[PDB]
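First comes one chain, alone, set out as structure tokens in the form deposited in one PDB entry.
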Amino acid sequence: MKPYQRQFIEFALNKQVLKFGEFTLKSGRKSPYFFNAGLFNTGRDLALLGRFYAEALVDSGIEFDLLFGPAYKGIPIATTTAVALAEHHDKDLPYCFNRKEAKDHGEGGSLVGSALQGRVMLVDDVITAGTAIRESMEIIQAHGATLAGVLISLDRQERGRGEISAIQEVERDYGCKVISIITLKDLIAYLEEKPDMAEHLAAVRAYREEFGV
């Protein structure tokens, strides 16, 4: 597992974005850990998150022409990732986001920033159901842009209602790739190193057993 990976977990933990306990997922599953990015709500968190996002992008080697932050949660994300790319990776890219706004019987469309033009890299925190981007791929697909990939923080890698993960469905219905900073797998790997976290280890190990993909 990579260096920026390990630091990621550490920061997540630290800001208590990662928690070990007993949490009920949206799906209704009882889960032994949770990840709430909602809790990265500070200047420096923001600074730190963008730097991790950029790394991951960069380490992917995927080609893309622009960042696109969705709904609401993706804007500070796209925004921070975009500054991160240019201050540290010397990559200067265009950004863009949509107005959720739909004030008149129909949907939205409306965008802020650069033009939905080219290979678009989607950017979000987490994908639980994989439905929110399905909204957001439609916009891309309308403007005639193409999808490069999606980048999130965590791939939980557990089945959905079927036998594949929500992520595999998105990758599968969208013919794109989903990149992430960390997976379940790294989580474990990490917990393996921390002798006095064996109780969490065990529980996360067991969950991956009953539900992991």
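Superpose the two forms; the largest set of C-alphas matching within 1.5 Å is the rigid core. Throughout, we count residues from 1 along the sequence that is shown.
The following text describes the form deposited in another entry, which does not appear among the structures shown.
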query	finding
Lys185 C-alpha shift between the shown form and the other one of 2 Å or more, rigid core reference	yes
Large Cα move at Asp173 between the shown form and the other one, threshold 2 Å, rigid core	yes
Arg44 C-alpha shift between the shown form and the other one of 2 Å or more, rigid core reference	no
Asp59 and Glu193, C-alpha gap in that other deposited form relative to this structure (3 Å or more)	farther
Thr131 and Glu158, C-alpha gap in that other deposited form relative to this structure (3 Å or more)	closer
